[PDB]
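Peer 1: Going line by line, the protein sequences match chains S and H. Under the UniProt record's numbering, the first residue of the first sequence carries the number 19, and numbering increases by one thereafter. Under the UniProt record's numbering, the first residue of the second sequence carries the number 3, and numbering increases by one thereafter. Note that beta-carbon positions come from the ideal geometry of N, C-alpha and C, so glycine has one too. Submitted below is the structure of interest, expressed as structure tokens.
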Amino acid sequence: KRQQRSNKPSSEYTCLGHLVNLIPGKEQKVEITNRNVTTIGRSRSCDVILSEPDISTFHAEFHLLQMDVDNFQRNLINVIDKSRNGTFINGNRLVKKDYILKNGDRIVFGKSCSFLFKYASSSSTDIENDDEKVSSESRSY
Amino acid sequence: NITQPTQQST
């Protein structure tokens, strides 16, 4: 007789954003799904498992939301710190319990662990055949 | 998967 029924585990929801770990000896890329809630720490159950010997299990939580308006999809990220070890976002200490994170945002967990967040959308393109024309305020040089 | 809880830092 078997000893397994139904589905308990749950992962690989839907691609949306990623986390890049800035290290002077390497780099680490993490995948962020539309789980509404993301866990960061040492707990394997958490969303993102850092490589720190003293990384808080509940270190921090990230809210991944995806909504469609007009035609495209607008995603927003929220940072929540339980307050215990030490989490720094945007190079500054967090005080509020409802920080809004967007594309191109540097995040630091603990003190040394530093990573940048950016939306993955689906599949980026190269800058070899992608010219940037001035009209919708894209650049200024 | 059993991981060590939170700890103190320097």
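(1) Determine whether the Cβ of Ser-63 of chain S lies closer than 8 Å to any Cβ atom of chain H.
(2) Please say whether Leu-112 of chain S and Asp-123 of chain S have beta carbons closer to each other than 8 Å?
(3) I need the straight-line Cα distance from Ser-141 of chain S to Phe-135 of chain S, nearest angstrom please.
(4) Determine the chain H residues that contact residue 164 of chain S at a beta-carbon separation under 7 Å, and present them in chain order.
(5) If you scan the stretch 19–98 of chain S from start to end, which runs of the alpha helix (DSSP H) of 4 or more residues do you find wholly inside it?
(6) Let me know the secondary structure DSSP gives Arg-124 of chain S once reduced to three states.
(7) Here's a check: name, in chain order, each residue in its chain whose Cβ is nearer than 8 Å to the Cβ of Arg-53 of chain S, leaving out the five neighbours to either side.
(8) Using 8 Å as the threshold, is the stretch 113–133 of chain S in touch with the stretch 73–81 of chain S, meaning 3 or more CB pairs across them?
(9) Assign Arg-111 of chain S to one of three DSSP states: helix, strand, or coil.
(10) Could you tell me which residues DSSP pairs with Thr-105 of chain S in its beta bridges?
(11) Less than 6 Å between C-beta atoms, sequence neighbours within five positions excluded: which residues of the same chain meet that for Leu-94 of chain S?
(12) How would you list, in chain order, the residues of chain H whose beta-carbon sits under 8 Å from the beta-carbon of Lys-129 of chain S?
Peer 2: Judging by the given coordinates:
(1) For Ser-63 of chain S, the answer is yes, since a Cβ of chain H falls inside 8 Å of its Cβ.
(2) no
(3) Here the alpha carbon of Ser-141 of chain S sits roughly 16 Å from the alpha carbon of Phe-135 of chain S.
(4) Since the first residue of chain S shown is 19 and the last is 159, residue 164 of chain S is not available in this structure.
(5) none
(6) strand
(7) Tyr-31, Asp-65, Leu-82
(8) yes
(9) strand
(10) Answer is S:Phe-127.
(11) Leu-83
(12) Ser-11
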